[PDB]
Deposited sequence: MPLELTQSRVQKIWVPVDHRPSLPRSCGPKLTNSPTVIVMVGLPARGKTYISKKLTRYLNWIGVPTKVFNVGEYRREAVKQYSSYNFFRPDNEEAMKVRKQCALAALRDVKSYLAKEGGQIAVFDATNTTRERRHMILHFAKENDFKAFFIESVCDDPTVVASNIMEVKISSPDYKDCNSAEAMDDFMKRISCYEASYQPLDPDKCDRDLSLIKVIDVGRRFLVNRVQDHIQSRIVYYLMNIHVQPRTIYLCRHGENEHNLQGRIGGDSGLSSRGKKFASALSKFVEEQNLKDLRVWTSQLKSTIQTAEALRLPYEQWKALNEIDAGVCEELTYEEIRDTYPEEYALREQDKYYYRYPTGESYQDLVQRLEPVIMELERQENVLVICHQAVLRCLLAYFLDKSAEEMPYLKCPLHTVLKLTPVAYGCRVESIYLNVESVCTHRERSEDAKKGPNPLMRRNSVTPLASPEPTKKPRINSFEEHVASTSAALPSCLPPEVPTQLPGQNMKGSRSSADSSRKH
């Protein structure tokens, strides 16, 4: 016999591959940490457990505050010993994360600019049975380097007792400390056997060598879709709909009278925002489409943006679900991310179908996504680096636009309520 597990609905028989170390490579202020973080955010959200080990954070913990670039001098015998021990301590943690804590990918975020340092990470990987994948960021444009420094270096803890001008100055010399011994990845000759991507001039061009597995090709694909241009992402739900007024889930009802006032308000908001080339996306459910109709803009529908499928519970109230399917109600409340409605979906299923939405979102600039409660949560979690456990409980009120702006290494979210009443469909984590 086979039995169907209670939360996920997976048929199982009755009782009766290598982790990867991703090695960042490059001079300081080349976006290594920007990429480390963003990538880790994508990987975790698609369900590959990933963690960043930034050697700089180890050095900052092992050493009294930073005073100047002299700490990074190649003739600094003692700082060198410290730096090397910081790398080894980060690797100890990498071993722990991947071999014992269920980690899948560890991103070793450091300059790792010498063949020697990289050879040692390889030895580490090889003897723990970890795959190694290198990502190098190369850029010689001073404008880009300057910008990076202004944007994330001068505000860092290292420079808290320095003004801008002198953080910038210190950082420039800090970089020059690494230049003499920098051996770029060389896939033609000495690195022909390594798996790596060398990125040149901020994603303009890539060198890819020996992709070993699906995580690696997928990272390359991700890296070819992202960009660093400023832009804005607006996320909202459909205007209130008739099923909302009844506390009924799922279905494909139309906008209520308030829902229509929202749409009209949303149109005003969008106009006042004054964007160029704002793309608009909806699901294929009517609520969403009517809402976009009020904007008088071109929009495109995506079945992927359709609300979670409640299967056999579609169109019931939560009340009716507790009465009719008491046991299914409880299972969901106890594990709301992995719980699969019977005949239906989990939040986990949602991530899989939203993955192509995220990938296209990364390619776009200004976008307005009009969608549904659970879908919105799933997208929002991606942008705000929220865990699978939290995602089902993020708050996405009706008639409220969430305005997301890339800033520094992450994302500012700004809530904008359009002053139209609605019922509340938020349901707290109960225990």
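Comparing the deposited sequence with the modelled residues, the stretches lacking C-alpha coordinates are 1 to 3, 20 to 32, 448 to 520.
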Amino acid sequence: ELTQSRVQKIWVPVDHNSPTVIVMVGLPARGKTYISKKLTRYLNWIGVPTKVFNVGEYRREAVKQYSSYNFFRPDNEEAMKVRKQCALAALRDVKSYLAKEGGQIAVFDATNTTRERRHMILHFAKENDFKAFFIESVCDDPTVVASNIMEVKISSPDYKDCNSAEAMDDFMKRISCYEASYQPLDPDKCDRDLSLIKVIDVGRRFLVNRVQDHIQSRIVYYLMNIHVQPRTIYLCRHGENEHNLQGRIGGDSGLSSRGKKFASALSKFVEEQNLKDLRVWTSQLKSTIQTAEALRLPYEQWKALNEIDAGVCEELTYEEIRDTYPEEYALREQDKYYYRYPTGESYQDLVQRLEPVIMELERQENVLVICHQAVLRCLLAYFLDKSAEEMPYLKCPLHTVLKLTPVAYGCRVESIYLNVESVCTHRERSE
From here on, numbers count along this sequence of modelled residues.
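Note that the rigid core is defined as the largest set of C-alphas that superpose within 1.5 Å between two forms.
Each structure in 8 other deposited structures of this protein is fitted to the shown form on the rigid core, and of 304 to 312 and 217 to 225 the C-alphas lie farther away on average for 217 to 225.
Using the rigid core as the fitting frame, the root mean square C-alpha deviation in 8 other deposited structures of this protein is greater for 406 to 414 than for the other of 406 to 414 and 19 to 27. Compared with other deposited structures of the same protein, residue 1 does not meet the criterion of being unmodelled in at least one third, since all of those that resolve residues on both sides include it. Figure legend: residue 431 is marked as unmodelled in at least a third of the other comparable entries of the protein. In this crystal structure, the stretch out of 395 to 403 and 26 to 34 whose C-alpha atoms carry the higher mean B factor is 395 to 403. Higher mean CA B-factor, judged across 218 to 226 and 79 to 87 from the recorded values: 79 to 87. Across 291, 301, 156, 348, the entry's maximum B-factor at the CA atom is seen for 156. Based on the entry's C-alpha B-factors, the most elevated value among 240, 314, 166, 136 belongs to 166. The PDB entry assigns residue 187 a C-alpha temperature factor belonging to the highest third of its chain's modelled residues. Looking at the C-alpha B-factors along this chain, the one for residue 389 belongs to the highest third.
Ranked within its chain, residue 359 lands in the lowest third, by CA B factor from the PDB record. In this PDB entry, the Cα temperature factor of residue 69 sits in the middle third of its chain's modelled residues. Annotation for residue 337: C-alpha temperature factor in the lowest third relative to the rest of the modelled chain, per the entry.
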